[PDB]
Structure formats: C-alpha cells, structure tokens
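Note sheet for the following structure.
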Amino acid sequence: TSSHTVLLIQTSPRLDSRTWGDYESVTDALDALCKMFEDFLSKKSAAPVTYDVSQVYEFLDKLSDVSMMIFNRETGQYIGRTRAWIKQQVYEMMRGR
Amino acid sequence: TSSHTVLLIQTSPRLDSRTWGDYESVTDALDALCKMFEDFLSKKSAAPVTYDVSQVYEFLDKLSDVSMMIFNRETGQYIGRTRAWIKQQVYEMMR
Amino acid sequence: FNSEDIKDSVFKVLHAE
Amino acid sequence: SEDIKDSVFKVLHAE
C-alpha cells in the first residue's frame, strides 16, 4: 500500500531554491517534512520542550511552495497534492502518534 | 494542448544537486533542456561549435537523473517520463 | 532566523545520505 | 559537475 511520492519544495522566493526528493511512501514524505520542522525548531534558543501542530503549519507557510506527487497504483499516474492537503495529513499523522 | 510539466534534474551524484522547474507545456520543458545543452557546449571550446546527435544524448546521460511529470487533462494526474523518453523527444525537437 | 535557516533545515533532512 | 550545474541553473531558474 506504499506509493512512490515526489516532494517538491521551494524554500525562498528565489527560483534556484527549488529542490526535491522522492520517497517510498507518502508517509515517509510527510515524516520528512516533520523532521524538517524539528530541525528548524532545534535551532531556536530558549523554547518549550513541546510543540503544537500550529507551529508545524507556520513552518510550512514559510516555504514559498510545497507540494507532492503521489503515485496511484490504479492509474499508473501521479496525483498532485498542495499545501492545505499536506497540512491536514501532517495533522492526522501527529494526532495518531 | 498545453500541459503543466515539472522538469526534475539531478546534476551530480549528490542528493542536494536535485533541482526542478515547471513549464506550461511539454514543448517548453523540452526546449529548456536544449537551451542547457547549447549553454554547456559553449563553455567547452569557447568557439563556434557543432555537435552530433550522440553528443546531444551524452549530455543527458551526464546528468545523474532527469525526468518529467506531465499533467494529463483527461486523467487529472501527472504522467512520469524518464530519461529514455526525454532523449527521444529532445532528438525529435532538434531534428 | 531567515530563509537560509529554512533552506538549511530542508536540505539537511531532504538530502541526507 | 560544476559546469553542468551552471548550465542547468541558468536556464531552469531564469527570471
């Protein structure tokens, strides 16, 4: 039930900030985005040891662009997902963890 | 018709060399790759330069990874195309 | 923080070995 | 690899 996922990211308004990685499953791609926030949160000095989903949302809003292309086993093609869908999936994953 | 196309490129074996751009149509994305080959050919000799079809292909094999994701209006999804498909289309556009 | 800090965090996780 | 990257970045990220 794992589907190849391409994660597209543009970190800054600059076009040369467009980078990408691919993952074995959508869950892996969502986990990678959470790890990115945790790395970013680590750099903050003097902060609470707990973080809320709202902060994860704020980190994703800092990205100029974030989207996913998820392989659909039925069609053989990739379904595109944008930031709002990604936020919801991250919320569901965190609430279940 | 015009179909949203994402061009994925990895220039070196390093994973952090993975970059991408998107275009309004497959033709634009294919044209960009040809622009890239011509730019690369310029710096090698710094002279007027002619190239063979094999050299055109070789530039695409020199990239660690190149692929395209082409939006299909009928399916509403993106078709993945890999290097072999791109090489064929780049040649046809060149011809 | 700035955009480079954002890029560093993205690159660290996305392009890890 | 640097020469290839320069050519790719010039066209891909042109504005």
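Protein chains in written order, with full-length UniProt numbering: chain P, 3 to 99; chain H, 3 to 97; chain G, 177 to 193; chain A, 179 to 193.
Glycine included, C-beta positions come from ideal geometry on N, C-alpha and C.
Three-state secondary structure assigned by DSSP to residue i
| i | result |
| --- | --- |
| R20(P) | strand |
| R85(H) | helix |
Closest Cα partner of residue i within the set the options
| i | options | result |
| --- | --- | --- |
| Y25(H) | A49(H), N74(H), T84(H) and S5(H) | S5(H) |
| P15(H) | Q79(H), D67(H) and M96(H) | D67(H) |
| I182(A) | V51(H), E40(H) and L9(H) | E40(H) |
| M71(P) | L32(P), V58(P) and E60(P) | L32(P) |
| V28(P) | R97(P), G82(P) and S56(P) | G82(P) |
| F187(G) | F73(P), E76(P), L65(P) and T52(P) | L65(P) |
| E94(P) | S47(P), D54(P), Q79(P) and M38(P) | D54(P) |
| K89(H) | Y59(H), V8(H), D30(H) and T52(H) | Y59(H) |
| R97(H) | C36(H), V51(H), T77(H) and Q79(H) | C36(H) |
| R85(H) | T52(H), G23(H) and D63(H) | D63(H) |
| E193(G) | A48(P), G23(P), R75(P) and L17(P) | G23(P) |
| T13(P) | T21(H), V51(H), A49(H) and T7(H) | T21(H) |
| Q57(P) | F42(P), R99(P) and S47(P) | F42(P) |
| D30(P) | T3(P), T77(P) and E76(P) | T3(P) |
| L190(A) | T77(H), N74(H) and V8(H) | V8(H) |
Where the beta strand (DSSP E) containing residue i begins and where it ends
| i | result |
| --- | --- |
| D67(P) | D67 to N74 |
| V8(P) | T7 to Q12 |
| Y53(H) | Here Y53(H) belongs to no beta strand (DSSP E), and DSSP marks it neither H nor E. |
Residue-level contact to chain D via CB, residue i, 9 Å cutoff
| i | result |
| --- | --- |
| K89(P) | Annotation note: the requested chain D is absent from the structure, which comprises protein chains P, H, G and A. |
Residue span of the alpha helix (DSSP H) that contains residue i, given as start and end
| i | result |
| --- | --- |
| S185(A) | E180 to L190 |
| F39(P) | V28 to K45 |
Give, in chain order, every residue of the stretch 11-29 of chain H whose Cβ lies closer than 9 Å to some Cβ of chain A.
-> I11, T13, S14, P15, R16, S19, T21, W22 and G23
For the stretch 54-80 of chain P, which residues have a CB atom closer than 7 Å to at least one CB atom of chain H, in sequence order?
-> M71, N74, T77, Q79 and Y80
Residues of the stretch 32-48 of chain H with a CB closer than 7 Å to any CB of chain A: list them in chain order, please.
-> Going along the stretch 32-48 of chain H in chain order, one finds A34, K37, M38, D41, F42 and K45 with a Cβ nearer than 7 Å to chain A.
Using a Cβ-Cβ cut-off of less than 9 Å, give me the residues of the stretch 182-193 of chain A that come near chain P, in sequence order.
-> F187, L190, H191, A192 and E193
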